[PDB]
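Residue numbers (the working numbering), protein chains in the order written: chain A, 1 to 566; chain B, 1 to 566; chain C, 1 to 169; chain D, 1 to 145; chain E, 1 to 145; chain F, 1 to 145; chain G, 1 to 13; chain H, 1 to 13. Shown next, in structure tokens, is the structure this report addresses.
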Amino acid sequence: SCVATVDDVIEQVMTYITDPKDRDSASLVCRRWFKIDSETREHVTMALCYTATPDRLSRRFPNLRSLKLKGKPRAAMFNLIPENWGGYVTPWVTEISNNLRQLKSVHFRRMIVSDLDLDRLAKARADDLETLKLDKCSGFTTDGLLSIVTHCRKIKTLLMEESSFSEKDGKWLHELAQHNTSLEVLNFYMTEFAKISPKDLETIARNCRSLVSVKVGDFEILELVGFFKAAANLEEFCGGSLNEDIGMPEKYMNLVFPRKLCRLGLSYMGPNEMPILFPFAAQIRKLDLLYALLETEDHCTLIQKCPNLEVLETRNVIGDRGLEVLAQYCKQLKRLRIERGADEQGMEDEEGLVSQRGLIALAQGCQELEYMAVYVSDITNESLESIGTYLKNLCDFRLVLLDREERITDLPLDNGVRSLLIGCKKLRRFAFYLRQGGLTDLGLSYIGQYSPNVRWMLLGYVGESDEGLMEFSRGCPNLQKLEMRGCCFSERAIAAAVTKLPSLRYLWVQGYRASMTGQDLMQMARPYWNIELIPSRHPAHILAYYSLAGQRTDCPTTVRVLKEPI
Amino acid sequence: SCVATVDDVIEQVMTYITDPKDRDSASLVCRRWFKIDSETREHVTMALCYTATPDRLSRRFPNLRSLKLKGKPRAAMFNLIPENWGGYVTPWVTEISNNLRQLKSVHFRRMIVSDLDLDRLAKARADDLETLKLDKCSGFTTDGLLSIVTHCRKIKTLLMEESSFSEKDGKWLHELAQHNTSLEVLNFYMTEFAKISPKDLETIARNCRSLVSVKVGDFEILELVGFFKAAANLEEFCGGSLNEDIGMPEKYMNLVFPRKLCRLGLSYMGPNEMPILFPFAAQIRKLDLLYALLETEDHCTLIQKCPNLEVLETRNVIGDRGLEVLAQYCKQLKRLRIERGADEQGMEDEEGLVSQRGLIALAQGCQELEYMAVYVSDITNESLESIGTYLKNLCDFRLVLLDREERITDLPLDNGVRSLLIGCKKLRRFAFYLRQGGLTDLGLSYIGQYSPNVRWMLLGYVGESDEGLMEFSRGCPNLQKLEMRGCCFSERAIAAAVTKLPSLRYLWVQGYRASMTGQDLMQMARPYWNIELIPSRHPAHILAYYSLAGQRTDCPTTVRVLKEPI
Amino acid sequence: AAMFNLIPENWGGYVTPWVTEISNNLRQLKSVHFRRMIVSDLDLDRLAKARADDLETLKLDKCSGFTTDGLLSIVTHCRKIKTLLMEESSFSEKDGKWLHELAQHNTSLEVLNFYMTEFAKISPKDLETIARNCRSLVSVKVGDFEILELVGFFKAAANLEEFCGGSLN
Amino acid sequence: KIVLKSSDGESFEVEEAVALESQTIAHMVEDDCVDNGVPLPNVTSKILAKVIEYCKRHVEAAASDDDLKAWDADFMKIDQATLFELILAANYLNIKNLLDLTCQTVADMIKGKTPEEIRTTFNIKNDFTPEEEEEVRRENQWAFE
Amino acid sequence: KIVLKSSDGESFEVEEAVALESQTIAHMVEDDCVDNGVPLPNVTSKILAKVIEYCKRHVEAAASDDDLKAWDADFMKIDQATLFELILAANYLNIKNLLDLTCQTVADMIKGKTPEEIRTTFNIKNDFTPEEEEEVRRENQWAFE
Amino acid sequence: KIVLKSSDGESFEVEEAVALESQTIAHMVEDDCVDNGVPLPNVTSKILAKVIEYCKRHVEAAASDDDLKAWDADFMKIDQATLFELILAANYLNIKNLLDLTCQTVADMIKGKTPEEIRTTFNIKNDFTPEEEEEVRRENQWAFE
Amino acid sequence: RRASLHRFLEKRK
Amino acid sequence: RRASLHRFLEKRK
Ligand SMILES: CC[C@@H]1C[C@@H]2C(=O)CC[C@@H]2[C@@H](C(=O)N[C@@]2(C(=O)O)C[C@@H]2CC)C1
Ligand SMILES: CC[C@@H]1C[C@@H]2C(=O)CC[C@@H]2[C@@H](C(=O)N[C@@]2(C(=O)O)C[C@@H]2CC)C1
């Protein structure tokens, strides 16, 4: 018995440090802590798969329980990235086969996943795979799904949201129905399945006592009546199809929703079916009216009945009027997303525009907001000011102003952004997407000056000249990922701003003063810094990121890797 | 909210119905209850594997957690059934691999299990196999044991009692010693192992904190001294070898028995080592003197020290004298089995006969007896009468009278059986095995008349003519399984009694007025009724049972399946 | 001496350590002949899977300890067997699918030999079909098949040079 | 003291440790909706009352069994439609106690009865085709259990 | 009442439900070594004392939270060497509240600090070659997490 | 007079110069732990007894050999398991006289026996491959010694 | 123009 | 002649 050191106790304590940023520090205090962190780290996320080789991952963290890889740039969610760009999951699944023998959960996000690679995953991980998320992935088919649901007999959570695959049959769902007992969450929310049987879904509910969340495609809600009675513990349900026919005026009206349902969104829901929610609206904490067929008036009438609403997603049909409603009935609101609606033939109705009026109303009412993302039809410096004054502890704010309107009240938004960034000092993610007049070099510098906690930024049509990018670049102490499109800045200015930015590890840019020369981007050539061009086949894109691995082996022909003198 | 029905609640309630007979009913109330029972049934026993296909089993009960299959007829435990008769476990383990994905416990009883089929079980079920019972099985080797103990790392209970296999090595035990932590019960009670190390058993004790019961082969008890110290929680121990040498007069005497040991049987224990039990005899609730080397005098002296004895198994050496001892010291006795001893050169001693004297003493002393099975050297109607009067709530009673004695006091036992069956109305299992004069057609009809609760009966040398069988056959409202050997009855009489018996689903008969014709048994040909003959290669056997599957594919040459006109 | 019932059945001769060695280290083996050895189903399932299409010839010669499950395992995994022998072996016969499996997929069989064996569940039709598919079938030895049931077999076995067994009743 | 709002606008004043018998109301003091009282619109007010009565009494096992199986048995002298609503309610909240006793009480009604007696004393229509009934009966008596 | 014998011959009179907070001392009333008092010679007597004090107080959540986080926080106003000995001790016995409390208390010292501040406030010498430090730093910031 | 605390809580009253035969107990009166008696929890109490008996007698070579080899020889008339525990104990304490006697006693069991007789009378499994046994036998008889 | 709503804004009309 | 005691009645003698 001698004086007990930290060393006599750190193996034990390390497992109580949970925060990824504290593990980060701990791993750096000395060789031993490095090793203990290495052998005990349970979850790792890779924001860009091409950032390290799978060998490096499994050498550092041999005992991962949980992995999450992202591939294609966010831009891909907006049809800006070529389908074959990259994000092949397959080297990662072979590494999982051989060296991550502890993995119980895999989340692939925006990646290419083939049937071969999921047959390999299934066989390698088998009964140990508790969760699989194919999140906005492509490249597979129902054979792949069948393979994982027959070899992974204990899957607790299986997700395919927004993935594109080829549907040859429905036996994957049937196979779940027949043998799976452990399913907790099942999610194929934004997906075309035409060959799966609502009977199978119902039988899954009957067999899966812990089934808590299910999201689904265009199933006729009436066909899910059995499902709903059997899903006793259901808390979340999204999807289905509400198809009214004039024939049955009360087609629905007799839905048994599970008594616990509190997170939901029924697709195509109109004003005539809306009322089936009233009986328990007090209970609803999350609403997804993103695919709903209801008008600005109808929004107010439903929002009004949901005092405990903390998350709302919807189209801009919500209108200023809707925001006003939300403003005083739902004081607990934490997250609000206003997507953009049918923007061709009038804004869906003559109230389906949100503006300064709604924003400033919202700012005053829902002061608990942590996430706000809004496609707005018109802004004023005043509204940004009130955001900044009232709703502190906003963590993620995104504003895009639509191109529909001709006249925008007052445009140069410098003084508004500035007070916004000053008041919401908890802000970590920030998107600001405008029109040319929108922000001046002075304002661009403001964004760089007053955003000390911002890790990610998407900047829209900001600035007037290179002066702005450069002024901006002397700020952003913590900016890791920068996405800019529709900006004037020149090659040398982009290059020079990348050099100044202390924390930048990812850059995506569309629209910029190019030059066939190419050779101006080069003035940011650093070691470990990969620059990729997607040529003007949409305007040229620049993708650049740090990587310990060197240049990807697997570029398409549409993508040119920039290297020193040609 | 409408009137809540049973239907809104039955999924939940069903899982509180535990009794197999109540599940049986529940499954029959309507299609829905059938389905819920189907998906929730946890345990299923099959008294005869050939009664349904494995496909049927796993379609009806896809989520079994626990399975128990029996194969060979009980007669096999008495070398009456050919080794190759059937009971092949292999289609069942392939069905478990594919479709009983939830199985955590398997009990095979009197079946043929190969190394291949246990390698497949091990790999298919791996860490999920909590318990494996190879109960009086044959056909495997130590390779199979090794395979399940290396792939099933969490086994809680592993049993091989009375199984025959080829022993190539001792690594299976060593593999448990090295990696197993979870073992609760380990049983190789009646088995020849010559290559396993008592060191490995000791180390298992040291590593398995929940080790409660272990039964063993011919290990020198002295070599287990370390084991006993380490097995702190041990409640049961049977087996070992007590080998005295005149050299060490106090060879033993210094045994540390775990302080909790209360269910035990030391093999070959003589009168000189017996005393090591005295220190805690008050604590002993289960005694297995079946393989003990002690005389009728010594039985009394030990029995006498065990006031709390509720289970005693022993050979007939116990004597009438021992039964008398047991009669007033052990009032709590619930189960007694008196096996037959060395019956060649005098009954082991001149008191080693049990008779009317012991039985009637017993009936009066141990009125709590639920199970009594006895090989008796002489009976009297009076003793049967006292059993019937004093020990109600007897559930299982078996009497066999030895063939040693020439004169049996009073023989026709009709009036005794009759009051026995009338007083013990809780009786579910009944065996009565005599000599020709033993029972008359009148008595035989008594058995059928006064046994409304008997599910199983083994009838010895009963009756005088077909009149008795037929009279018997109009009773036995609940007789499921009938075993008769050494009876005179003719083929047509057997066939006719089967037809009359409402509940019969299993029939085994040895010795009966045959006929090369064969065609008289045919007069019981029903649909789903399988009849099999084991020809007189011992006298011809008749096996017949109901089956949803059709005739077995896997008969040996020694077994002839009877079908309509040859 | 074991061929004259003088040696205990359990004496030894377990083939299993040898098949595990074959799995791992005799990666070139195309022919195995076991004589008077104990062969289990496990050990022939391992042999079949380890050697698969490379196993040209298997001889279970006066061996014991296996069953038709073993046979099936080798005839489904060893799709190119040229010579398969079980003469005088003792095993448990649960079914006839091994022979049927050969009939359905095997083309390469040159010699097939279950001369001194009790098979009651195999079909002479299957044997005939083997003869029809195996152009190089040169030798077959068989159990107590009624010779009359093999008439088709004999017409189809054009290249047959050797035949033993059958039953003339 | 916590407020529970029934499924027909009916506030209920209830003690701390009483409302906590429900793990559904307990996991709801994290994201505390309690600001406006816990909104549970799936329990009838009549029923919620009965639920609180049960929880009230069991929490008074502070002063520490024999008299409980008594109150429990007496609490269950209700009608079917109400028994069922209690089960649905115990499952909606998360009262495991209100469950091992009610469910066992319903199971005790099944135990021992034949299939006819069962649907008699629950009013359930035997919808088996005669083949189905037969197969199930055969499986049950020749094969399984 | 149970006796705990510390690692320097020091008997400790402690109540039933107090010594049971340790599943190591609980799983030791099965094979009851209690005949001679529970021999636990890995805990200093000074430490064992502090362990019993903690268990004593928490068991007095019979009278049923706010004042506990207060006593707990005040109980942890100790020095490092002692904090660490408590962790070791909570692990040796099996006191989830306490191991989960001492370990958490040490972890709270790390949380938020930088790698320098960490080895500062624990006096640990940075033994990384500069290449190693760089690799680890790059991995952490460009690739993983 | 010094106190020795055996490995099962068993105090032993022993004289000064007797406990000093052990240089392990002697180097422990410097940093004198004697305050609480010398804690030696690696010696069974049965064994420690036998050790003290040995030391007691040898210290009585104050009154000044022939009768010692006699008591010694008679002291060693014990069983193997106990001989070995004495060796381990003499090594744990530091009694050079006692190790030279227990070790020699075990060595006397080996002396004169053949390799088979040795593993017989110690129950040791011959784990040599036959080639190894042959090489060693050849080396021993043709080459070395 | 998000890719999930571009699919809906057309399944709508 | 039970198969468990037939093994013993001979291991006895
Ligand atoms: C190449 C970048 C894309 C540019 C895309 C473009 O055309 C406009 C926005 C869209 C973009 C976007 O992410 N929009 C938001 C959103 O969460 O979807 C932030 C905006 C919501 C409030 C990104
Ligand atoms: C098919 C009958 C066999 C015939 C066997 C024979 O020879 C007589 C009994 C034995 C039979 C038997 O079951 N004996 C008992 C016992 O449980 O073992 C019941 C008898 C114990 C008192 C089995």
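Where is the CB? At the ideal position from N, CA and C, for every residue including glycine.
Inter-residue Cα distance where the pair is residue i and residue j
i: A:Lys70; j: A:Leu501; result: 23 Å
i: C:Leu84; j: C:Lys59; result: 6 Å
i: C:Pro8; j: C:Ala2; result: 8 Å
i: A:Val225; j: A:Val256; result: 7 Å
i: F:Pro115; j: F:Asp127; result: 12 Å
i: G:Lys11; j: A:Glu235; result: 28 Å
i: A:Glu348; j: A:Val374; result: 17 Å
i: A:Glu464; j: A:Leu562; result: 28 Å
Sheet register partners of residue i (DSSP bridge)
i: A:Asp396; result: A:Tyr371 and A:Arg429
i: B:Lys286; result: B:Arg263 and B:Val311
i: C:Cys164; result: C:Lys141
i: A:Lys133; result: A:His107 and A:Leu159
Residue-level contact to chain A via CB, residue i, 8 Å cutoff
i: B:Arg101; result: yes
i: E:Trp71; result: no
i: B:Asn272; result: no
i: B:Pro62; result: yes
i: D:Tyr54; result: no
Proximity of residue i and residue j at Cβ, strictly below 8 Å
i: C:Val138; j: C:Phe163; result: no
i: A:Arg65; j: A:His43; result: yes
heavy atom of ligand 3 below 7 Å from residue i C-beta
i: B:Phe78; result: No copy of ligand 3 appears in this structure; the ligands present are ligand 1 and ligand 2.
Below-8 Å beta-carbon distance, residue i vs any chain E residue
i: F:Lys5; result: yes
Residue-chain proximity (residue i, chain D), Cβ-Cβ < 8 Å
i: A:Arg259; result: yes
Chain G contact for residue i (CB, 8 Å cutoff)
i: A:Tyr291; result: yes
Give, in chain order, every residue of the stretch 73-94 of chain B whose Cβ lies closer than 7 Å to some Cβ of chain C.
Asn84, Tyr88 and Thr90
(message) Along the stretch 189-223 of chain A, where does the CB come closer than 7 Å to a CB of chain G? Name the residues.
(response) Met190
Near-chain D residues of the stretch 29-51 of chain B - C-beta to any C-beta below 7 Å: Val29, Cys30, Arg31, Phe34, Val44, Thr45, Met46 and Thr51
If contact means a Cβ-Cβ distance below 7 Å, which residues of the stretch 328-344 of chain B contact chain H?
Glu339 and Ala342
_By the 7 Å beta-carbon criterion, what residues does the stretch 161-175 of chain B contribute toward chain H?_
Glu162
Compile a chain-ordered list of the residues in the stretch 105-124 of chain B whose CB is closer than 7 Å to at least one CB of chain C. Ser114, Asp115, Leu116 and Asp119
At a Cβ cut of 8 Å, what residues of the stretch 516-543 of chain B count as close to chain D, listed as they run along the chain? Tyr528
- Message: Which residues of the stretch 9-30 of chain A have a Cβ closer than 9 Å to any Cβ of chain E? Give them in chain order.
- Response: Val9, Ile10, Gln12, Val13, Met14, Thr15, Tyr16, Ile17, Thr18, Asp19, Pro20, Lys21, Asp22, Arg23, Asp24, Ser25, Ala26, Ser27, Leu28, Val29 and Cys30
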